[PDB]
Q: 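Input: one structure, supplied below.
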Amino acid sequence: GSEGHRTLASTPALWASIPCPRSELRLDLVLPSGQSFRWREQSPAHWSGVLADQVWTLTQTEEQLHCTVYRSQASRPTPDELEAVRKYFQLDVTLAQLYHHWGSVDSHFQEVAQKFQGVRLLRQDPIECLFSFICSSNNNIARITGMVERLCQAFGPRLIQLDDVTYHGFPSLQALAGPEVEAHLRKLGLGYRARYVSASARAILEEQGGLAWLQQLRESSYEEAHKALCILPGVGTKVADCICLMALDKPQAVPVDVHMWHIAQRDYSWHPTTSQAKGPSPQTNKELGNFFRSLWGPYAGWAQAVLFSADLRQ
DNA sequence: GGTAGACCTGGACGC
DNA sequence: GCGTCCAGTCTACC
Ligand SMILES: Nc1nc2nc(Br)[nH]c2c(=O)[nH]1
Ligand SMILES: [Ca+2]
């Protein structure tokens, strides 16, 4: 009853709502689609994960997003805590206004969007977002998900346990920069990225100026932010774009990967024109990004999130 | 300035 | 049951 993961039905008094129609958000289309890797549908239509250093379970009805938080006396999320959720899902951004616009200038988008509504971008923590995507390169979402879980279990603060699940906060820079981290990460199965994580944490803490340097890029320009991130080991064009779009408030950033290349070729008959290469390469990937920006506008990265999410569900 | 190949690690084929 | 193919970043040499 009071044990295990909560469900809206089981612990009624332990849930607070926030107005949000499925047209503004679809948990099942945002949480497991490769933006954040820390949410799990422990119970049908109920997603659990760490949000703002606390564990939460979320579920939705046609017009409501139901939230419950596990902190001592179990109580309802307060108005402030709920505000943290609104911020995570960037709810001030009207997804219906964006879909209308993109669909107005892109007939193919209008078509896909008609069946994949509620795909918006999570506003993530720079650090969590940075190392999670360092683990993403040349990998698949399912594997990346386990790597990130083992990484947080081994180096992150222990939060609380529900059923046989112990939740952990994302490791700090100091922890990731500690001694022998790479070796431990390799036993955890991160492959060659184990080096990127260790090397990137130290680089940030010992050469770039620490956490302030990262949290800073958020006020800088996409052009600025993207160049800086590429300095870090394991952070190429894609990873840096994912970070700019999902954690540094650069909504025009467009991560270019195998999925976006397939979407470009199959749904737009796109081809590189300013570059000599016929396939993926540093030059062609940059062109594709510009292409999608030119097509969708200022919030091109968000539109990209819709097609990418839709391309996974296949 | 612009490419071939190696990288870790499993699922998903295909024979 | 096995050898490939897949889901980006970094460097050789150009
Ligand atoms: N373009 C793109 N590539 C990605 N890889 C991962 Br893993 N997640 C994403 C994403 O949201 N967009
Ligand atoms: Ca590939």
Side-chain angles (χ1 to χ4, degrees), chain A residues 29 31-38 40 128-155 176 180-204 207-208 214 225-248 250 253-266 270-292 301 304-305 307-314:
Chain A
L29 293 189
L31 306 181
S33 82
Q35 278 181 49
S36 169
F37 300 92
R38 315 230 288 135
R40 293 297 205 172
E128 176 166 68
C129 191
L130 168 54
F131 290 92
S132 286
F133 286 102
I134 277 300
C135 292
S136 293
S137 62
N138 194 217
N139 207 165
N140 58 86
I141 296 177
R143 213 252 281 198
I144 299 165
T145 303
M147 281 166 52
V148 173
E149 287 178 6
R150 297 192 296 283
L151 176 142
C152 297
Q153 183 172 66
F155 299 93
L176 296 185
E180 294 175 282
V181 178
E182 183 187 311
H184 192 336
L185 292 175
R186 283 182 187 280
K187 288 195 176 197
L188 294 185
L190 299 224
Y192 57 76
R193 300 170 207 70
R195 177 111 51 187
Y196 297 162
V197 179
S198 174
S200 271
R202 288 177 181 172
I204 290 184
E207 308 165 63
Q208 297 309 313
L214 202 65
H226 192 289
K227 166 61 158 59
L229 290 171
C230 285
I231 286 176
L232 307 178
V235 179
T237 310
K238 180 189 159 160
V239 169
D241 274 315
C242 288
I243 300 168
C244 290
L245 169 71
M246 301 179 236
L248 307 178
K250 283 93 185 63
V254 180
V256 157
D257 71 310
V258 57
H259 287 285
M260 298 314 297
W261 259 89
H262 189 45
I263 295 183
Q265 289 175 146
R266 193 194 71 232
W270 185 86
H271 287 279
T273 55
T274 63
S275 298
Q276 3 67 293
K278 310 282 267 61
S281 76
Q283 294 72 202
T284 58
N285 295 334
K286 193 185 196 66
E287 215 187 315
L288 230 203
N290 289 162
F291 169 73
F292 282 124
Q304 168 276 328
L307 299 195
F308 180 85
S309 176
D311 201 43
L312 293 179
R313 322 285 163 168
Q314 193 54 52

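Letters A, B, ... are given to chains in the order of the sequence lines, protein chains preceding strands, and every chain is numbered from 1.
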Q: Mind checking the P distance from B:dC8 to C:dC2? Whole angstroms is fine.
A: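 My reading of the P atoms in B:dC8 and C:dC2 gives 24 Å.
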Q: What dot-bracket string describes DNA chain B from 5' to 3', counting Watson-Crick and G-U wobble pairs whose defining distances are under 3.5 Å, with [ ] for crossing pairs and | for pairs to another strand?
A: .|.||||.||||||.
Q: For A:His262, which residues count as a side-chain hydrogen bond (donor to acceptor under 3.5 Å, both in side chains) partner, sequence neighbours excluded?
A: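 Listed in chain order: A:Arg266.
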Q: Suppose we screen for side-chain hydrogen bond (donor to acceptor under 3.5 Å, both in side chains). Which residues come up paired with A:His184, at least two apart in sequence or across chains?
A: none
Q: Taking only the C1' atom of each, what is the distance from B:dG11 to C:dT9 in whole angstrom?
A: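 Roughly 23 Å separates the two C1' atoms.
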Q: Any salt bridge (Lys or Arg N to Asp or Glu O under 4.0 Å) involving residues 128-144 of chain A? Give me the pairs, sequence neighbours left out, ordered by first then second residue.
A: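 Only A:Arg38-A:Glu128 qualify under salt bridge (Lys or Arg N to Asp or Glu O under 4.0 Å).
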Q: Output all residues satisfying side-chain contact (heavy atoms from CB on, under 4.5 Å) with A:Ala142, sequence neighbours left out; order by chain, then residue number.
A: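 Partners of A:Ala142 under the side-chain contact (heavy atoms from CB on, under 4.5 Å) test: A:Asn140.
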Q: Can you list every side-chain hydrogen bond (donor to acceptor under 3.5 Å, both in side chains) pair that touches residues 129-138 of chain A, not counting sequence neighbours?
A: A:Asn138-A:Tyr192
Q: Report the residues that fulfil side-chain contact (heavy atoms from CB on, under 4.5 Å) with A:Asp241, sequence neighbours left out, ordered by chain and then residue number.
A: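 With neighbours one apart ignored, the set is A:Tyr222, A:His226, A:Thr237, A:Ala253, A:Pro255.
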Q: According to side-chain hydrogen bond (donor to acceptor under 3.5 Å, both in side chains), who are the partners of A:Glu287, at least two apart in sequence or on a separate chain?
A: A:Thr273, A:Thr274, A:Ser275
Q: Quick one: list whatever passes ring pair (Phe, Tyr, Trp, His ring centres under 6.0 Å) with A:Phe131, sequence neighbours left out.
A: none
Q: Side-chain donor or acceptor of A:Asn138 under 3.5 Å from a matching atom on the base of B:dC8?
A: yes
Q: Which residues in residues 276-285 of chain A have at least one heavy atom lying under 4.0 Å from any atom of DNA chain B?
A: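 Within this stretch, A:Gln276, A:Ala277, A:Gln283 sit under 4.0 Å of the strand.
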Q: Quick one: side-chain hydrogen bond (donor to acceptor under 3.5 Å, both in side chains) partners of A:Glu182, sequence neighbours excluded?
A: A:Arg186, A:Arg195
Q: Distance between the P atoms of B:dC15 and C:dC6, in whole angstroms?
A: 14 Å
Q: Any chance you could list the contact pattern along nucleotides 9-14 of chain C? Use B for base contacts, S for sugar-phosphate-only contacts and - for none, protein heavy atoms under 4.0 Å, 5' to 3'.
A: SS----
